[PDB]
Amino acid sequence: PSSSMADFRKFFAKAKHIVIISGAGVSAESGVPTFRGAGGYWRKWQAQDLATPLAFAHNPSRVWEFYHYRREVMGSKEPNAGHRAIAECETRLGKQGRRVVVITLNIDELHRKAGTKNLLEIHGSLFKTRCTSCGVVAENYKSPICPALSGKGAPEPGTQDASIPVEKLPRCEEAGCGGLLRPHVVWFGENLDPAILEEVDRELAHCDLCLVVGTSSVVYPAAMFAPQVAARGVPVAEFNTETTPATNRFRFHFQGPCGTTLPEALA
């Protein structure tokens, strides 16, 4: 794929509808822990252990401790230069009647914190709950989400499980439900929301320029978004610290940290 910042800028200068797909590489530059990489662990588990229907079916207290810890550390995390360039770009182009939309696999909301308004969070949010009984989704920023989680979630190896009785985990406050809440996060093996996928499809079908920033392009169906864009002939530009299995299918590959390359690209 092409390495020419010059040529990308010529496309960028003319684009009227830009889609930006963002993955964990954008969050990682803010020091947000993914618990995904080699050695990237919570106590004795990684996300593939605890971010699953299985985990929550076996030990919902431990899954909540993990998500409580992740919610809490977000208080010490801020958007990076990549989030900021993306947010500033949407604002500058919006004034010009040009559309920028972010499709993110990230659940940390840092795109929002940076000011992005046109956002599609396809994997949900650390700061949303869903009731396992009635299905209602709510925003929730409370630290701690419930009193039984106060001071829990510590990540050090050997930390004892809080073993909170499920009645003392976060509970649906909808009149008459009181069911058990889970994080409104898409876990491995779960389907994405068809309503959200419909919105994603609308942006993919109408955009004229597409950026894929900080994703390995192995998580599906997100790994297929940029290919159906290039099919129309639309330029796809990949911003990653390393090549991915999808690199050779893109018009541009700009190697390096997103927070280093994105400000130049979106300038």
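Note that residue numbering begins at 1 and tracks the sequence as displayed.
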Fill in the blank from the handout: Stretch with higher mean Cα temperature factor, 15 to 23 vs 242 to 250, is 242 to 250
Exercise for the section: Would you mind comparing 185 to 193 and 159 to 167 for me and telling me which has the higher average C-alpha temperature factor in the entry? Expected result: 159 to 167
Handout entry: Criterion, highest CA B-factor; candidates, 120, 177, 107, 146
Key = 177
Fill in the blank from the handout: Of the residues 139, 78, 173, 72, the one whose Cα carries the largest B-factor in the deposited record is 173
Practice task
Ordered by C-alpha B-factor within the chain, which third holds residue 206? Give me lowest, middle or highest, please.
Solution key: highest
Problem - Assigned third (lowest, middle, highest) for the C-alpha B factor of residue 135 - result: middle
Practice task
Could you tell me which third, lowest, middle or highest, the C-alpha B-factor of residue 94 occupies within its chain?
Solution key: middle
Handout entry: Where the record places residue 68 (Cα B-factor, split into thirds across the chain)
Key = lowest
Exercise for the section: Could you look up the Cα B-factor of residue 124 in the entry and say which third of the chain it sits in: lowest, middle or highest? Expected result: lowest
